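Trainee: Below are the structure tokens for one structure; questions will follow.
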Amino acid sequence: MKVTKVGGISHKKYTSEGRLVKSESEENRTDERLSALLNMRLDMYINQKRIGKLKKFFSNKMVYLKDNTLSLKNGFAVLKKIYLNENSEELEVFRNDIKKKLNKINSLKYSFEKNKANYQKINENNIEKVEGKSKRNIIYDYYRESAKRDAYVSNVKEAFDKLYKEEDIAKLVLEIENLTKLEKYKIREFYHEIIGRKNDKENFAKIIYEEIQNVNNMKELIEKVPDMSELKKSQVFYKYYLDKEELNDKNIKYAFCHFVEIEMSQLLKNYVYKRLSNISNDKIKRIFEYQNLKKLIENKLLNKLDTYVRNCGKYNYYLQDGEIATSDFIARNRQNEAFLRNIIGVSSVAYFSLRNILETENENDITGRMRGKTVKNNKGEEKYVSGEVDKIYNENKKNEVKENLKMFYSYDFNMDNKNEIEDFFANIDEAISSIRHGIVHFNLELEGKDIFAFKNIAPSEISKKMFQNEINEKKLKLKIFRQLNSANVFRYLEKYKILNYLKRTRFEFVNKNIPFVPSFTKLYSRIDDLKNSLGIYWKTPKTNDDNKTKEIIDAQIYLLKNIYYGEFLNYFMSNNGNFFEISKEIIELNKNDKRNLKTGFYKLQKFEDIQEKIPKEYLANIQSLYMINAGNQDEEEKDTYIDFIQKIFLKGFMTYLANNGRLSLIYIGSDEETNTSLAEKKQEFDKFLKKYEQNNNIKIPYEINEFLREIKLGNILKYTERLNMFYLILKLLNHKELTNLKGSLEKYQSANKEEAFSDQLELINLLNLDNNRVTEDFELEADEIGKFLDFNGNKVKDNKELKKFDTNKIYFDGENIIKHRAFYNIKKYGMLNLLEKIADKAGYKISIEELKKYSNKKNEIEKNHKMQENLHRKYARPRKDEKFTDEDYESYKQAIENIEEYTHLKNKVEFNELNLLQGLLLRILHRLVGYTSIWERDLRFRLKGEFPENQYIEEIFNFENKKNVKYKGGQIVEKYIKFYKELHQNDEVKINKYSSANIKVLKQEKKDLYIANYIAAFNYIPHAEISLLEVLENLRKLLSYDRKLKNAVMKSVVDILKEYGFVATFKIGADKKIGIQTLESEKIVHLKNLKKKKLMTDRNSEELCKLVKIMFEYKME
RNA sequence: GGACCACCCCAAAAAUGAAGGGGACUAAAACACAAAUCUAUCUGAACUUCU
């Protein structure tokens, strides 16, 4: 019986009591909802025809008691009178079950009132510490210090041994294995015999409640009532005497037999009672054996102790004198703390992209250095430091640094200046340290707009000139023009069809601060699916070429996309406009649909009670309902809150596209006699743009300038100085982190209800016209292609041998390079000599006969891909004969087997499997940074929670800093280890665990705490001297303080492997060590109906599937 | 040490059903103008409807 998450209501805890709260207003809804749940649904109260019809009848009928009346509500002998549609003497049968329903509601009503806000900053002897006020947090605050931690473990072991006696558990493990279904009560009623409730309710329940009223002291109650159970005496001390008695070492032991009994009950509710669950039967052996169970419960109370101490440190920076942490505070706090862990992550990628752009052989980072400034010696006071930008000019890498600078920036550098460039790398490195110090100074003052302030940083002569040549209104016109050309618009439209387009649609480049809008891709893809379900009148372009259709749709998307973000979202979100005209329409289109008029079970019924009076506030209510009902649906689904919100922005867009009034975008697209006249138009303009990247200010031809005269822009940033440094960070970022940085700045604005990065998000969108997808005229040294190719068993290195290698000239084709898109990302992040070593171990090479088979099968896919689409059409919509007999089935099987063995073979010689491998290795390493950033935030929280004094702890978590008294030099791990040694100076072996001889094994193997500097600096990527399965091993050792993070390491790695089409079965041995048992590429099922003949056509090739398993296991030497 | 196959919080006279609830409160995800294609689509309830 779910109580919350049903309207907009949710349990939100407050100062005086916890409260059921309708989404926005803080009024009490606890009495309103719990009176509404006080009803007996009459289908409970009961092959598939008589049963299935009666359940639909009595689900409408509810039996409630308002007020002490048995009247029924619309949605045995007394049950049939309702079925024959025909008072109080009859319905008194149900009060036996409604009194059990009433007592559940009164117990839940008291369950919400005690779930109140706990954490309160206090001020005892001039230090600001945070304590809990709840009954449990009084126990955790007693054992808060690290000295009393061993007494906390012993009291759990003492309480566990008084409740569970090694054969009561041993019989209880047997009953969990020896059930399948409907036998839960035998486990349950035996477990109540272990606790002993039958000699508790019947002997002490009514006795002890009288004596609580008299003696008002636990010491006097035990003297008054002797011979209590050790668990019952533990329960009374928790409820009636824990708030108001002082905690001695003798009376602290009463609270632990109740804390252990909760944990054993929570294990039964998850692994026995509810759903069993779907996990295993081998899991149960690991959980419930007595020596494992005694270890697991104390490994779970020590988790709950450490989350308290971590919360007392987290709520010490974020809270004033002065305040109690209500759920309004806590939820806003988490969305600001998740903001910080995304800016720590964006400065770890920006270091990493600055290490590839300036190739360091040491892979050792970065201060201080990257400009030449001398410093005084101990003797003589005369030296010159080793600046890495001056290490260019010793190795003469300036032909290669300028090559790496071109991939990130597209500015024409001149390495002969060499003082202008060393000032440019200073302004990149000072910009990353500026947002690094912003994380520190978002503690004393909660203003996130000042972490991108970039104060006291003057831009270079390059970075000023580079920014103004990417903002001014003439250059943005030649990026709109490049996006129009690259989307094949000039080839599939007439000249006046697009001049009429450019006179109307304006290009902004304004964030508009609207939450939860769908992207237009993922919304264009729904059109042909939803075309019949909604009154759309659209025609997706269909042509018999299927490479022409991909290029018309790529022009169909881009032309409608600038309508969607530019003109549409200003119309569709103004208070004048049709938002609720469409929102009430789609709820009616689902209600008045067929087969929902049969049974009124349409899914959009839970939206009809929402009005909200504003289209912008309506989304913030739907996006609030979405965030509270995430994680309920399994497999998961097309989720309702996103599916409903994609219908509004697609019905409303196609209504905005019909009314006023451009609708010639359908027939783009149609006149084949026109496309002959525009066939070479894309080639003439692309030849111009390659002459534009070689030199900008040449000349603009007349046919170019007729488009550029009409392209209109919304807003220009006008060059403030602090955006100049924020631009240099964003060019050092891939697309996945750049949208995470786009998302985290939007979620900061919607959480704090202010606009603070509206100048920053406007500059992210001026990088949204920069992704070119024909990337990026980089050089392709032909030796570097040929480390993956084997010409007669040897790597092709000579450029003449590459022409000798192939014949069909899908490679070299002199005198040029075919320049595949896969080698862009593998070289920008290179990670190019690494994937040589992985491919050499796995034998992944491009054979001659395997490349020769490519050009044979390439002239056969167009026969196979067309024949697959034709036979699939007989399967989906026959409409004529109700055929697709078995002779069509076997012909469809041989069609998709040939597409499968070609697409696996196309992706190998087009290097798309290396672009998938590089995309997979880097996606894992960008995710594991996000766990070491949680570790850095939760490291200062445990230390500030343990020690509210000792202000030197904050001096650990600084990054230059020149101010520190005790911990001067080093990064976080190098300064934490000397904090750890001077704290445990009397408690070896813990010093010798971090001793200077032990630390060399600890650092080289990247064990317990040196994996944090290893992951966050991306030190895997040049050499990989420790494998991923040992990085993931050492990260779970690092995150062992928090169990929800130690468990979510492997869950986030399996889910990354599942996005790239792999099903991973890891094994974790008896030693803490991870190995892959099996990888399989996930099966694309064809013909999902007909229930017997599926085809399973796996996505990634088996040769790539082996090659990923080597990548996790690859270690240097 | 065994992840994937979470975690935390509140509820013990009557109301021993702790056989219950809660969590944007806490992680994982999801949402976002990168990419990638061979999975009919569309309704629904804990396989079943559709033109």
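In the structure tokens, each chain is lettered A, B, ... as it comes, each chain's residues begin at 1, and ligands are numbered from 1 in order of appearance.
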I'd like the neighbourhood of stretch 29-32 of chain B as an MDAnalysis selection string, where a residue qualifies if any of its atoms comes within 7 Å (using only C-alpha atoms (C1' of nucleotides)), though same-chain residues fewer than 2 positions away should be ignored.

Mentor: chainID A and resid 516 519 739 743

Trainee: Limited to N, CA and C atoms, could you put the picked residues into a file as a PDB file, in the first residue's frame?

Mentor:
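Contents of again-v9.pdb, as written:
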ATOM      1  N   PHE A 516      13.136  20.475 -18.407  1.00  0.00           N
ATOM      2  CA  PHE A 516      12.521  19.202 -18.778  1.00  0.00           C
ATOM      3  C   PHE A 516      11.878  19.270 -20.164  1.00  0.00           C
ATOM      4  N   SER A 519      14.786  16.902 -26.176  1.00  0.00           N
ATOM      5  CA  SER A 519      15.605  17.270 -27.313  1.00  0.00           C
ATOM      6  C   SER A 519      14.860  16.940 -28.594  1.00  0.00           C
ATOM      7  N   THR A 739      27.710  18.288 -21.999  1.00  0.00           N
ATOM      8  CA  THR A 739      26.296  18.314 -21.652  1.00  0.00           C
ATOM      9  C   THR A 739      26.068  18.029 -20.178  1.00  0.00           C
ATOM     10  N   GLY A 743      24.130  20.463 -18.042  1.00  0.00           N
ATOM     11  CA  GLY A 743      23.037  20.054 -17.182  1.00  0.00           C
ATOM     12  C   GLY A 743      23.221  20.497 -15.747  1.00  0.00           C
TER      13      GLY A 743
END

Trainee: May I ask you to extract the residues of chain A within 6 Å of chain B, using only C-alpha atoms (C1' of nucleotides), and to give them as a list in words?

Mentor: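 Using only C-alpha atoms (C1' of nucleotides), chain A residues at most 6 Å from chain B: residues 103, 111, 115, 205, 206, 209, 279, 327, 330, 331, 529, 627, 735, 876, 1044, 1047, 1050, 1051, 1068, 1070, 1071, 1072, 1084, 1085 and 1086 of chain A.
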
Trainee: Determine which residues of stretch 705-811 of chain A DSSP labels as alpha helix (DSSP H) from the backbone of this structure, then write them out as an NGL selection string.

Mentor: :A and (705-708 or 721-730 or 735-752 or 761-764 or 782-785 or 799-805)

Trainee: Residues at most 10 Å from residue A:145, counting only C-alpha atoms (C1' of nucleotides), excluding those fewer than 3 positions away in the same chain, as a PyMOL selection string?

Mentor: chain A and resi 140-142+148-149+309+945-947

Trainee: Go ahead and save the picked residues with N, CA, C and O atoms, as a PDB file, in the first residue's frame.

Mentor:
ATOM      1  N   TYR A 140      24.510   7.252  17.991  1.00  0.00           N
ATOM      2  CA  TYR A 140      25.653   7.426  17.109  1.00  0.00           C
ATOM      3  C   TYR A 140      26.529   8.587  17.536  1.00  0.00           C
ATOM      4  O   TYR A 140      27.722   8.585  17.233  1.00  0.00           O
ATOM      5  N   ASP A 141      25.971   9.576  18.231  1.00  0.00           N
ATOM      6  CA  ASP A 141      26.792  10.691  18.683  1.00  0.00           C
ATOM      7  C   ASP A 141      27.622  10.315  19.895  1.00  0.00           C
ATOM      8  O   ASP A 141      28.669  10.923  20.138  1.00  0.00           O
ATOM      9  N   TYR A 142      27.169   9.328  20.665  1.00  0.00           N
ATOM     10  CA  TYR A 142      27.955   8.843  21.791  1.00  0.00           C
ATOM     11  C   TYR A 142      29.206   8.135  21.308  1.00  0.00           C
ATOM     12  O   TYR A 142      30.273   8.251  21.917  1.00  0.00           O
ATOM     13  N   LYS A 148      36.198   5.431  20.399  1.00  0.00           N
ATOM     14  CA  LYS A 148      35.134   4.575  20.900  1.00  0.00           C
ATOM     15  C   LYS A 148      34.594   3.618  19.853  1.00  0.00           C
ATOM     16  O   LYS A 148      33.574   2.972  20.103  1.00  0.00           O
ATOM     17  N   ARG A 149      35.246   3.511  18.695  1.00  0.00           N
ATOM     18  CA  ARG A 149      34.696   2.696  17.618  1.00  0.00           C
ATOM     19  C   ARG A 149      34.795   1.210  17.925  1.00  0.00           C
ATOM     20  O   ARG A 149      33.901   0.443  17.550  1.00  0.00           O
ATOM     21  N   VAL A 309      28.441  10.426  10.994  1.00  0.00           N
ATOM     22  CA  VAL A 309      29.624  11.264  11.139  1.00  0.00           C
ATOM     23  C   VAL A 309      29.920  12.002   9.844  1.00  0.00           C
ATOM     24  O   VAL A 309      30.372  13.152   9.861  1.00  0.00           O
ATOM     25  N   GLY A 945      33.578  15.738  10.593  1.00  0.00           N
ATOM     26  CA  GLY A 945      32.589  15.148  11.465  1.00  0.00           C
ATOM     27  C   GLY A 945      33.214  14.512  12.684  1.00  0.00           C
ATOM     28  O   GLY A 945      32.646  14.571  13.776  1.00  0.00           O
ATOM     29  N   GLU A 946      34.379  13.886  12.507  1.00  0.00           N
ATOM     30  CA  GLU A 946      35.104  13.340  13.650  1.00  0.00           C
ATOM     31  C   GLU A 946      35.681  14.446  14.517  1.00  0.00           C
ATOM     32  O   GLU A 946      35.694  14.334  15.747  1.00  0.00           O
ATOM     33  N   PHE A 947      36.162  15.519  13.900  1.00  0.00           N
ATOM     34  CA  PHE A 947      36.885  16.569  14.611  1.00  0.00           C
ATOM     35  C   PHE A 947      36.254  17.911  14.276  1.00  0.00           C
ATOM     36  O   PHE A 947      36.627  18.537  13.270  1.00  0.00           O
TER      37      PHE A 947
END

Trainee: Could you please determine the separation between atom CA of residue A:868 and atom CA of residue A:912 in Å, to one decimal place?

Mentor: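 Answer for the atom CA of residue A:868 to atom CA of residue A:912 separation: 23.1 Å.
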
Trainee: Rounded to one decimal place, report the atom CA of residue A:44-atom CA of residue A:32 distance in Å.

Mentor: 24.1 Å

Trainee: Between atom CA of residue A:508 and atom CA of residue A:493, what is the distance in Å, rounded to a tenth?

Mentor: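 A separation of 23.0 Å between them.
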
Trainee: Step one, run DSSP on the backbone; step two, keep only residues of stretch 99-267 of chain A assigned to strand (DSSP E or B); then write them as a PyMOL selection string.

Mentor: chain A and resi 120-124+127-131

Trainee: Let's have the selection written as a compact mmCIF listing (two decimals), in the first residue's frame, with N, CA and C atoms.

Mentor:
# COMPACT_ATOMS: atom_id res chain seq x y z
N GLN A 120 21.11 19.41 13.72
CA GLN A 120 21.06 20.78 14.19
C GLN A 120 22.47 21.22 14.52
N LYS A 121 22.91 22.32 13.93
CA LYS A 121 24.17 22.92 14.34
C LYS A 121 23.98 23.53 15.72
N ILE A 122 24.93 23.29 16.61
CA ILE A 122 24.91 23.86 17.94
C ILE A 122 26.19 24.66 18.13
N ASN A 123 26.38 25.22 19.31
CA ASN A 123 27.60 25.97 19.61
C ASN A 123 27.96 25.69 21.06
N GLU A 124 28.79 24.68 21.28
CA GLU A 124 29.27 24.31 22.60
C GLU A 124 30.76 24.62 22.67
N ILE A 127 32.92 26.25 19.30
CA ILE A 127 33.11 25.45 18.09
C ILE A 127 31.75 25.03 17.56
N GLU A 128 31.60 25.07 16.24
CA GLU A 128 30.33 24.80 15.57
C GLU A 128 30.31 23.34 15.15
N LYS A 129 29.59 22.52 15.90
CA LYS A 129 29.42 21.12 15.57
C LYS A 129 27.95 20.84 15.33
N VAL A 130 27.68 19.76 14.61
CA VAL A 130 26.33 19.35 14.25
C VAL A 130 26.04 18.04 14.93
N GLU A 131 24.90 17.96 15.61
CA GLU A 131 24.49 16.74 16.26
C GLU A 131 23.10 16.35 15.78

Trainee: Set the distance at 12 Å and use only C-alpha atoms (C1' of nucleotides): which residues neighbour residue A:245 once local chain neighbours fewer than 5 positions away are removed? I'd like the list as an MDAnalysis selection string.

Mentor: chainID A and resid 135 138:139 216:219 237:240 251:252

Trainee: Quick one: everything within 9 Å of stretch 1008-1016 of chain A, counting only C-alpha atoms (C1' of nucleotides), minus sequence neighbours fewer than 6 positions away in the same chain. Send it as a count of residues only.

Mentor: 21

Trainee: Given only C-alpha atoms as the basis, pick out the residue of A:781, A:461, A:545, A:746 nearest to residue A:515.

Mentor: A:746
